[PDB]
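Peer 1: I have a structure I would like to understand better, so I am pasting it below and will then ask my questions one at a time.
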Protein chains: 2
Amino acid sequence: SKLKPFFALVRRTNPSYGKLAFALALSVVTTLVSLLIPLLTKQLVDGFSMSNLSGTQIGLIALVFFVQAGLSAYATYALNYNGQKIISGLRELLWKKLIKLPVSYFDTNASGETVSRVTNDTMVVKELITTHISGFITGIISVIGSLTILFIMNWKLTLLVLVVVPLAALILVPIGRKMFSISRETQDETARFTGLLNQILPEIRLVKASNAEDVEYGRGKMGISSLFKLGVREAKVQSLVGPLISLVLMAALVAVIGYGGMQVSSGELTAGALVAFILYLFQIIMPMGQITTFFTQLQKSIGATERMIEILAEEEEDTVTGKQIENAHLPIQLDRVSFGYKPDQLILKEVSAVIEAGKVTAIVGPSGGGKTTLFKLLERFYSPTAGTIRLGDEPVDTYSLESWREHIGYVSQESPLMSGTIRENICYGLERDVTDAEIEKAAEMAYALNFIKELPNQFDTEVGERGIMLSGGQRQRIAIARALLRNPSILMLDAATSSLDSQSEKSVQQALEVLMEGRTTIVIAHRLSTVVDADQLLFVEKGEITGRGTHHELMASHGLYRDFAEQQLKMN
Amino acid sequence: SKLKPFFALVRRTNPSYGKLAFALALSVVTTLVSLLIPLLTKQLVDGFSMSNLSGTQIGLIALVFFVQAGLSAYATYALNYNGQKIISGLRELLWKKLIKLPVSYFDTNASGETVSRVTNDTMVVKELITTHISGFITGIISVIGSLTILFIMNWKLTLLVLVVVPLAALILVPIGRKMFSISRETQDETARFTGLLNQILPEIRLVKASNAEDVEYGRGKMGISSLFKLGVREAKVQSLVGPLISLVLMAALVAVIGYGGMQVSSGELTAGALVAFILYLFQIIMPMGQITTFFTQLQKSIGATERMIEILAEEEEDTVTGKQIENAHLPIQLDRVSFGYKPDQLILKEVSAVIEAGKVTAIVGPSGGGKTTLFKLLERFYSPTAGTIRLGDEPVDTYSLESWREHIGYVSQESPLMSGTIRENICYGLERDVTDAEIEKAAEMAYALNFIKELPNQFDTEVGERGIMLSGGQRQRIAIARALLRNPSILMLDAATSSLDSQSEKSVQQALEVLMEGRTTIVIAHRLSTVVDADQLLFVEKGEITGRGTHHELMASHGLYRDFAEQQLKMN
């Protein structure tokens, strides 16, 4: 039942069954050859009289060993290659999913956790498919075959002693758990002492000033004493684990092998049987670790598969709504919009507003209100539930989301880099129009070519994977150049305007004011520099729009009491 | 040569030799008994036939086993107990030295690293003392004795094969190293892929905004393809290693033990010597890990010893200079003080000033000048080199450094607490006077009891190890009180004044003004609130004192041109 999701996940990469089955069967054959090797050893050792004729047995054993090595090598290569192909397919599906369907809010939930889950679960699935399932089949077959062959070879006497010895595990394993518990307690006490010292030492100034340093010494003494006491207890428990373990193991060892020697000396049908017995004991003991590791890795992998299938279950639409974009220039209306992240909370309540076309609109919001929710809302990163964000006659649910996103230019505050080269930063505006070779010319129009006129290069200019050698002012100029290049129709801005000061702000204002003199813009930042360039201003408070009209007189009057109190809170 | 520092460092805890030597000798005799066990096994095997004397041999073997168990248990307990006493002594010495001597600038050189060298290095030294040295001695003795006994037992035939076999390990090692290199390459490429993915997700907003969801998918696919290629290479190299390890190890085991059976069957004198040989082979193979680990950990132990001896080398003085304090009320004068942290840099140049006694003095410094260095110099953590901070005619050269710090109470806005209870906080200065039981009365005069009048308790009030449940103003007020009870003769202030607001600042200022009017006071902080209360002010610029006199008219004039520009920079 629980293996059905894992089988389906493997089935997503369909052409991966025949070669896996062949590899597993070949591994089984290799295990059987390994089982057969000690019988050849016994036959050789019983052919004692003719050393020269024992050369034939030596050659046969060498040939069998080489055949086993070759078969195991081919099976391992097939298993690993098929597992790598399965992992490539799984990662391909996961990356196709995460980038495309997961909506912005899903990525806001957890960014690093998503990547950690993807990588760790893919690695765990690889480890399960390539090694642990084949390892478990190999171990089970080897153990069963070895026990059967020992039963056939020795009558019962040595083998029942061997199977009784596992009682040594019943005597040893629980004591190891007590050892582990004591060691963990010691580690905890050491961590506590380290924390105490890491607290005391940085405050050394206060101690030395207070002239109470010796008192701290006394406190430190106590800590040391504590650890010493615990150490003593560990020592005592060690004196119960150190010898005893060895004793039991050695005793068990002797018993088994001792009986073998007994059966050799008593004339019982054992000799080469004893040699084969020791080899079979090795081949029995070794795969138990593989079996236990598989049993634990299955428990890890079922949860890994649950996480992966949780990732793969998300959904989204891009052009499913329709395709009805023709002009995308018409006044934008908010009509009774009331929706946030979850319908229960209702973080937005009946938000309505009117904005003209080709008209500059500013948004002023508080530190903790609904400015961020609205900012994401006029980007449609959230799906409307009750209200209507209507461009014209509610076509926003009618045409494609990609079509609108193509007609809008976004820069909020940082928008740092898409790592690579500036060629990537200007080629993100390649919507099948490839922009021919005018990009640099556009950089000249966007006041970016003259700024970049130093030219370390144009295509080999690397910002680096980290992207730290270029400051903010240049990168927002590049972002605005990209926005102008792409599709200067509608711009929504959170004002990249920061601590750049006069030169950068004036340059961006001249670039923008010239560019959108006939195009619609929205501004949502805090400062009052864009609002004077904004012919219409709004205000967000408690998840509600409160304020409409022009800037000067209205925010001279509307902002007299409550917005002024909010400001006085802001600088304070 | 290199072991002399470690021997001396252990010698610092002198009475730890005889019992350690006895424990080591008992471990040696335990190893000898372990060597003796297989010979008794062989004698039992040769007895084989008749029953009751076989029972006597079994009883002898059990007695030898239990004797080994008891002796090993006692040796392990003695070794561990002596090691824990040694580690207690070492940690005690380290904590004494660390708290008492090192002057503050040593502690600010490195804080967490010092605690790490206190804890982890001691753990390494204890591990070497308790287990690894005894482990190495017992392992070398066991290996040599087992080889010698095998040489006596089997003439040369089986042991020569056994010692020629390590050619198998010689072949094995380079292949394992290539495995490790390929695994590290895989880890590195997985790290790069995770870094790429962790880079992309934060920029998901831009990715969707630029409608470029597919090229980013393509970059992810390229990364997945690179990882798949490297995984295929890892598979091709893996398919050779594992089969080779299995083949070579199984072949060596088959060779050795099949030759043992060859001798036991050929009528060669290997009757029960085969069983004895297998037991001795296990006793040989098992202790190789200890011998390898002793060599691995020796370098770490020697490094830990070097770090400890480096810790123990720092020197300092408290009352060595002299003892000539009588009243401790004289005007403080600076005489061409020129020194910072290192003589070559000369971060201070001929700093001189005149400050009266019982007069409040405030210091004004820039953001990056010498205000902090002069702050720490007035509190004299630093030892003068060229100039002289002269208070009292050079008796400042010959009274106790400690005796002065008695007369000064340190309070700053940073200082959170010393973790524990309020009782410790108010009575840390039990400078042999213990203040009888005047602490509560002291609180009531010093405006602490009336503020703490809520009384969760007076002695059980715990501020916690973290100390997060109380705000800065309260702890600053308790620190001011503590200054008022240690020795209210000289006061130094960084102005505890923070964001508490006039309601607390004026109150604490009037409290200290009433309490500390007739005695000296020193202020160094930024604001201009204590400056009006300070009779004389100074100014620090470029590591030089520039400005002396009263407050109002002079910094109405002196601060008009240059200090005003610094202020305008501060607000900007």
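Peer 1: Can you tell me which condition residue B:293 does not meet? The list is (1) buried (at least 16 other Cβ atoms within 10 Å of the Cβ); (2) polar (S, T, N, Q); (3) outside any helix (DSSP H, G or I), and all the others hold.
Peer 2: Looking at each condition in turn, residue B:293 falls short on (3).
Peer 1: Here is a follow-up. Might you check whether a residue that is in the same structural domain as residue B:325 (by CATH) and either assigned to a loop (DSSP other than H, G, I, E, B) or touching a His at 6+ places or on another chain (Cβ under 6 Å) (or both) occurs anywhere in the stretch B:476-488? Explain how you work it out, then say what you get.
Peer 2: The initial filter retains those residues of the stretch B:476-488 that are in the same structural domain as residue B:325 (by CATH), namely B:476-488.
Filter once more, keeping what is either assigned to a loop (DSSP other than H, G, I, E, B) or touching a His at 6+ places or on another chain (Cβ under 6 Å) (or both): B:487-488.
Yes: one or more hits.
Peer 1: With the condition kept exactly as written, say whether any residue in the stretch B:343-355 is under 25 Å from residue B:398 (Cβ atoms), more than 13 Å from every other protein chain (Cβ to nearest Cβ) and touching a helix residue (DSSP H, G or I) at 6+ places or on another chain (Cβ under 8 Å).
Peer 2: Initial filter on the stretch B:343-355 (under 25 Å from residue B:398 (Cβ atoms)): B:343, B:348, B:350-355.
Filter again for more than 13 Å from every other protein chain (Cβ to nearest Cβ), leaving B:343, B:348, B:350-355.
Still in the list and also touching a helix residue (DSSP H, G or I) at 6+ places or on another chain (Cβ under 8 Å): B:348, B:351.
Yes, the conditions are met somewhere in the stretch B:343-355.
Peer 1: Pairs please, first residue from the stretch A:119-131 and in contact (Cβ under 8 Å) with a residue 12 or more places away in the chain, second anywhere and surrounded by 21 or more Cβ atoms within 10 Å (Cβ to Cβ) and basic (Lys, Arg), Cβ atoms under 8 Å, 6+ apart in sequence or on different chains.
Peer 2: Between residues of the stretch A:119-131 that are in contact (Cβ under 8 Å) with a residue 12 or more places away in the chain and residues that are surrounded by 21 or more Cβ atoms within 10 Å (Cβ to Cβ) and basic (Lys, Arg), the close pairs are A:122/A:91.
Peer 1: Of all residues in the stretch B:357-406, which are free of Cβ contacts under 8 Å to residues at least 24 places away in the same chain, of a type in the set (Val, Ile, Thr) and farther than 18 Å from residue B:323 by Cα?
Peer 2: Scanning the stretch B:357-406 gives a single hit, B:372.
Peer 1: Here is a follow-up. Here is a check on your reading of the model: is residue A:389 among the β-branched types (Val, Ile, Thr), within 14 Å of chain B (Cβ to nearest Cβ), surrounded by 15 or more Cβ atoms within 10 Å (Cβ to Cβ) and within 20 Å of residue B:208 (Cβ to Cβ)?
Peer 2: On the way: among the β-branched types (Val, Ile, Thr): yes; within 14 Å of chain B (Cβ to nearest Cβ): no; surrounded by 15 or more Cβ atoms within 10 Å (Cβ to Cβ): yes; within 20 Å of residue B:208 (Cβ to Cβ): yes.
No.
Peer 1: Kindly evaluate residue B:230 against the criterion of being more than 7 Å from chain A (Cβ to nearest Cβ), within 29 Å of residue A:71 (Cβ to Cβ), in contact with a helix residue (DSSP H, G or I) (Cβ under 8 Å, 6 or more places away or on another chain) and of a type outside the set (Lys, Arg).
Peer 2: Working: more than 7 Å from chain A (Cβ to nearest Cβ): yes; within 29 Å of residue A:71 (Cβ to Cβ): yes; in contact with a helix residue (DSSP H, G or I) (Cβ under 8 Å, 6 or more places away or on another chain): yes; of a type outside the set (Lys, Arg): yes.
When the stated conditions are applied, residue B:230 passes them.
Peer 1: So, one more: Only one of these is touching a residue at least 12 places away in the same chain (Cβ under 8 Å), among the β-branched types (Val, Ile, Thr) and surrounded by fewer than 18 Cβ atoms within 10 Å (Cβ to Cβ): B:550, B:520, B:546, B:530. Name it.
Peer 2: Residue meeting the stated conditions: B:550.
Peer 1: Moving on. Might you let me know whether the stretch A:434-449 holds any residue that is surrounded by fewer than 19 Cβ atoms within 10 Å (Cβ to Cβ) and within 29 Å of the chain's Cα centre (by Cα)?
Peer 2: So far as the stretch A:434-449 goes, no, none of its residues is surrounded by fewer than 19 Cβ atoms within 10 Å (Cβ to Cβ) and within 29 Å of the chain's Cα centre (by Cα).
A quick yes/no check of all residues on (1) touching a strand residue (DSSP E or B) at 6+ places or on another chain (Cβ under 7 Å); (2) under 18 Å from residue A:402 (Cα atoms):
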{"residue": "A:320", "(1), (2)": "no, yes"}
{"residue": "A:336", "(1), (2)": "yes, no"}
{"residue": "A:340", "(1), (2)": "no, no"}
{"residue": "A:344", "(1), (2)": "no, no"}
{"residue": "A:350", "(1), (2)": "yes, no"}
{"residue": "A:360", "(1), (2)": "yes, no"}
{"residue": "A:363", "(1), (2)": "yes, no"}
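Peer 1: When the stretch A:132-154 is examined, which residues are found to be over 23 Å from residue A:25 (Cα atoms) and in contact (Cβ under 8 Å) with a residue 60 or more places away in the chain? So that I can check it myself, show each step before the final result.
Peer 2: Step one: filter the stretch A:132-154 for residues over 23 Å from residue A:25 (Cα atoms), giving A:150-154.
Result: A:150, A:153, A:154.
Peer 1: Next question, about the same structure. Does the stretch B:266-284 hold any residues that are within 21 Å of residue B:252 (Cα to Cα), in a loop (DSSP other than H, G, I, E, B) and more than 8 Å from every other protein chain (Cβ to nearest Cβ), and which are they? Walk me through it before giving the result.
Peer 2: Taking the stretch B:266-284 as the starting set, the residues that turn out to be within 21 Å of residue B:252 (Cα to Cα) are B:266, B:270, B:273-284.
From what is left, the residues that are in a loop (DSSP other than H, G, I, E, B) are B:266, B:270.
B:270, the sole residue that qualifies.
Peer 1: Follow-up. Please enumerate the residues belonging to the stretch B:81-133 that are more than 30 Å from residue B:288 (Cβ to Cβ), more than 8 Å from chain A (Cβ to nearest Cβ) and of a type in the set (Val, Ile, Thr).
Peer 2: Residues satisfying the conditions are B:103, B:108.
Peer 1: Let me ask you something else. Do any residues in the stretch B:224-248 that are under 11 Å from residue B:186 (Cα atoms) have Cβ atoms under 7 Å from those of residues that are buried (at least 16 other Cβ atoms within 10 Å of the Cβ) and hydrophobic (A, V, I, L, M, F, W, C), where the two are at least six apart or on different chains, and which pairs are they?
Peer 2: Note: pairs meeting the criteria are B:227/B:193; B:234/B:182.
Peer 1: So which of B:20, B:39, B:26 is farther than 21 Å from residue B:127 by Cβ and either within 8 Å of chain A (Cβ to nearest Cβ) or assigned to a helix (DSSP H, G or I) (or both)? Talk me through it step by step, then tell me what you get.
Peer 2: Numbers: B:20 fails: farther than 21 Å from residue B:127 by Cβ; B:26 fails: farther than 21 Å from residue B:127 by Cβ.
B:39 is the lone residue from the list that is farther than 21 Å from residue B:127 by Cβ and either within 8 Å of chain A (Cβ to nearest Cβ) or assigned to a helix (DSSP H, G or I) (or both).
Peer 1: Residue under question is residue B:400, and the condition is that it be more than 14 Å from chain A (Cβ to nearest Cβ) and not β-branched (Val, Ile, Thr); does it hold?
Peer 2: Details: more than 14 Å from chain A (Cβ to nearest Cβ): no; not β-branched (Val, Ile, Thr): yes.
For residue B:400, the condition - more than 14 Å from chain A (Cβ to nearest Cβ) and not β-branched (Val, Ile, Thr) - is not met.
Numbers and lists here come from the model and the stated rules, or from a named source; these are not laboratory values. When we count neighbours, we look across all protein chains shown, and the Cβ atoms used for this are built from the backbone with ideal geometry, even at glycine.
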